[PDB]
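Working notes for the structure below.
See below:
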(Lines of atoms letter the chains of each structure in order from A; the text may use other names.)
(Lines give C-alpha, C1' and ligand atoms only; values in the text may rest on other atoms or scores of the structure.)
Protein backbone atom coordinates (compact mmCIF):
# COMPACT_ATOMS: atom_id res chain seq x y z
CA UNK A 1 0.00 0.00 0.00
CA UNK A 2 1.22 3.47 -0.91
CA UNK A 3 0.99 6.26 1.70
CA UNK A 4 -0.65 8.72 -0.69
CA UNK A 5 -4.10 8.65 0.90
CA UNK A 6 -6.40 11.50 -0.10
CA UNK A 7 -9.99 12.28 0.91
CA UNK A 8 -12.33 11.10 -1.84
CA UNK A 9 -14.29 14.31 -1.81
CA UNK A 10 -11.99 16.00 -4.29
CA UNK A 11 -11.11 13.29 -6.82
CA UNK A 12 -8.99 15.89 -8.65
CA UNK A 13 -7.23 16.61 -5.35
CA UNK A 14 -6.33 12.93 -5.34
CA UNK A 15 -5.28 12.84 -9.00
CA UNK A 16 -2.67 15.52 -8.30
CA UNK A 17 -0.85 13.38 -5.60
CA UNK A 18 -1.30 10.42 -7.95
CA UNK A 19 0.46 11.93 -10.95
CA UNK A 20 2.95 13.78 -8.74
CA UNK A 21 4.11 10.60 -7.02
CA UNK A 22 3.28 7.53 -9.07
CA UNK A 23 3.05 9.20 -12.48
CA UNK A 24 0.02 7.36 -13.84
CA UNK A 25 -3.12 8.68 -12.12
CA UNK A 26 -4.92 5.47 -11.16
CA UNK A 27 -6.53 6.64 -7.95
CA UNK A 28 -8.71 4.29 -5.97
CA UNK A 29 -11.07 7.05 -4.87
CA UNK A 30 -13.20 5.21 -2.34
CA UNK A 31 -15.44 7.27 -0.03
CA UNK A 32 -13.28 6.27 2.95
CA UNK A 33 -9.93 6.83 1.22
CA UNK A 34 -8.45 7.62 -2.19
CA UNK A 35 -5.28 5.67 -2.94
CA UNK A 36 -2.93 6.87 -5.69
CA UNK A 37 -1.51 4.01 -7.74
CA UNK A 38 0.31 3.93 -11.05
CA UNK A 39 -0.01 1.79 -14.13
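Residue numbers (the authors' numbering): 1 to 39.
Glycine included, every Cβ here is placed at the ideal spot set by N, Cα and C.
*Are the beta-carbon atoms of residue 14 and residue 31 separated by less than 9 Å?*
For this step, residue 14 is matched to residue 14 along the chain shown. For this step, residue 31 is matched to residue 31 along the chain shown. Not a contact, by the Cβ cut-off of 9 Å.
*From residue 28 to residue 3, what distance separates their C-alpha atoms?*
One-based indexing of the chain shown puts residue 28 at position 28. One-based indexing of the chain shown puts residue 3 at position 3. Taking the straight line joining both Cα atoms gives about 13 Å.
*Taking the alpha-carbon positions, what's the residue 23 to residue 39 distance?*
Here residue 23 is taken as the residue at index 23 of the chain shown, counted from 1. Here residue 39 is taken as the residue at index 39 of the chain shown, counted from 1. Taking the CA atoms as reference points, residue 23 sits about 8 Å from residue 39.
_Residue(s) in a DSSP beta bridge with residue 33_ = As a first step, residue 33 must be located in the chain shown, where it is residue number 33. According to DSSP, which records beta bridges pairwise, residue 33 is partnered with 30.
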